[PDB]
Structures are given as structure tokens and as C-alpha cells.
Amino acid sequence: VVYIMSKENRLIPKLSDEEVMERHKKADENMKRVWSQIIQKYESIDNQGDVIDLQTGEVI
Amino acid sequence: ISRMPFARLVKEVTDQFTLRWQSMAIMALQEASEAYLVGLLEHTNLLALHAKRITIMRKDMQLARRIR
Amino acid sequence: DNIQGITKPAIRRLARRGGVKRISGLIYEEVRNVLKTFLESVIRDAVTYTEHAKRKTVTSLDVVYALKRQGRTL
């Protein structure tokens, strides 16, 4: 894992064109996952008015 | 992000389309606004990195933007 | 006001969470710009959904439907 000097003289990892692209891809997989998690949280009946019977596990 | 200026903005923006906001509605918007921005900042950061900079510029953000 | 939905310290927090180490000062205005653009798009969808339902209050389900639309393009 090699490092080189940025134009501001700080050390940054020397990534190939491809590794950089793979980082963009991982950024995207990640923001997709977060987004759907936000949607699932607010969409759930459990934080709309909800009551659950513990015998059945079902929404009353 | 702080809640109060965000809320003031949500209201300014709802007004150009005319309403009241449920509190979970603003929170969900805020959580979503934050993911969106952070995601764009990561892409912007990667463009700077490819140009061998650790300082992100308006031009970097503008490009990450154009790739809608 | 001139703070346009997000304080300068909050913008810096978002950038750090994005892995950024340094920003040009022009990033502040650009991030505020992006925020406004994103909200106009999302809020336009949420609003028409609230009105098509004939309600006066935007619900978390209004925002959710609006987010699903943004989710499928982005």
C-alpha cells in the first residue's frame, strides 16, 4: 500500500485508476443501503401508531 | 445538522409551492438530506484524491453534481 | 436566513463524515446550494402527495413516498 505527496505536501495513498473507481462504487453501495434504511425506519407501522400482541407477534 | 435552521429552510421551500409539517416528517427529511450530502462529499473527496489533492474545491463538487 | 438550512460547523461535520480533510471556503455556499436543490425536488413531491390526499399537514409517509422517488433515480 504505497503513499505519495499531495499538491499540499501531505501523504495520500497512491491508488490506481481502477481502485479509485471501486471506492466510488463502495461509496454508492453504501449510500443506497443507508437510504433504504432511512425509508424502512420511517415507513414501519411500528412508528406509525402501532400496538402489538406479544402472544401472536401480530399488530393488533 | 442543527434542527432549527433546517426547519426554517423546509418552510421557506414549502412556501414556494403554495402547509404544516409533522415533526417526524422534518426529521426524516433531515436524515435524508444528511445522507445525500455526505454521499456527495465522499464522491467530491475521491475526485480531489485522483487530482492528488486532499482539499476539495467548488469545481470537484460541481463535477460530482453534473454526474447527477 | 443567510445560513440557508445548515451552519458552517455543520457543513464541516458532514464533510469529515465524508472523509474530507480540507475544504476551500467556497464549499460552504456550494453545499448550501445542493441542499436547497435537493429539498426543492423532494418537497415538491411530498407536497403534491399531501394535497392529492386532501390534507393540510405533511406526514412522514408523504416524505417517505417522496424519498422512494429520489431513491430510484439516485
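As a convention, Cβ positions derive from the backbone with ideal geometry for all residues, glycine included, and neighbour counts pool all protein chains shown. Derivation of every value follows stated rules applied to the coordinates shown; laboratory data play no part.
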Legend entry - Residues of region A:40-54 that turn out to be more than 22 Å from the chain's Cα centre (by Cα) and either assigned to a loop (DSSP other than H, G, I, E, B) or among the hydrophobic types (A, V, I, L, M, F, W, C) (or both), as a count: 8
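Condition check ((1) surrounded by 10 or more Cβ atoms within 10 Å (Cβ to Cβ); (2) outside any loop (DSSP other than H, G, I, E, B)) across all residues:
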| position | (1), (2) |
| --- | --- |
| A:4 | yes, yes |
| A:12 | yes, yes |
| A:18 | no, yes |
| A:24 | yes, yes |
| A:31 | yes, yes |
| A:38 | yes, yes |
| A:56 | no, no |
Legend entry - Residue within region C:7-21 that is more than 7 Å from chain B (Cβ to nearest Cβ), β-branched (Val, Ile, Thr) and surrounded by 19 or more Cβ atoms within 10 Å (Cβ to Cβ) present: yes
Legend entry - Whichever residue in region B:2-26 is of a type in the set (A, V, I, L, M) and surrounded by fewer than 18 Cβ atoms within 10 Å (Cβ to Cβ) and, among such residues, is nearest to residue A:47 (Cα to Cα): B:24
Inset, instruction - Please list, ordered by first then second residue, the pairs with beta carbon atoms under 9 Å, 6 or more apart or interchain, first in region C:11-35 and among the charged types (D, E, K, R), second in a strand (DSSP E or B). - result: C:12/C:23; C:21/B:55; C:21/B:56; C:22/B:55; C:22/B:56
Inset, instruction - Could you grab me the full set of residues in region C:25-35 that are exposed (fewer than 15 other Cβ atoms within 10 Å of the Cβ) and either of a type in the set (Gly, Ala, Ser) or facing another protein chain (nearest Cβ under 7 Å) (or both)? - result: C:25, C:26
Inset, instruction - Could you tell me whether region A:46-53 includes any residue that is of a type in the set (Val, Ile, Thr), surrounded by 10 or more Cβ atoms within 10 Å (Cβ to Cβ) and closer than 22 Å to residue B:41 by Cβ? - result: no
Legend entry - Condition broken by residue C:66, with the remaining ones in (1) over 14 Å from the mean Cα position of the chain (by Cα); (2) more than 8 Å from every other protein chain (Cβ to nearest Cβ); (3) of a type in the set (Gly, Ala, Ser) satisfied: (1)
Inset, instruction - State whether one or more residues within region B:38-47 are more than 16 Å from the chain's Cα centre (by Cα) and either of a type in the set (A, V, I, L, M, F, W, C) or crowded, with 17+ Cβ neighbours inside 10 Å (or both). - result: yes
Legend entry - Single residue of A:32, A:7, A:26 found to be facing chain B (nearest Cβ under 10 Å), of a type in the set (D, E, K, R) and more than 13 Å from the chain's Cα centre (by Cα): A:7
Legend entry - Residue count, region B:48-63 (criterion: hydrophobic (A, V, I, L, M, F, W, C) and surrounded by fewer than 22 Cβ atoms within 10 Å (Cβ to Cβ)): 5
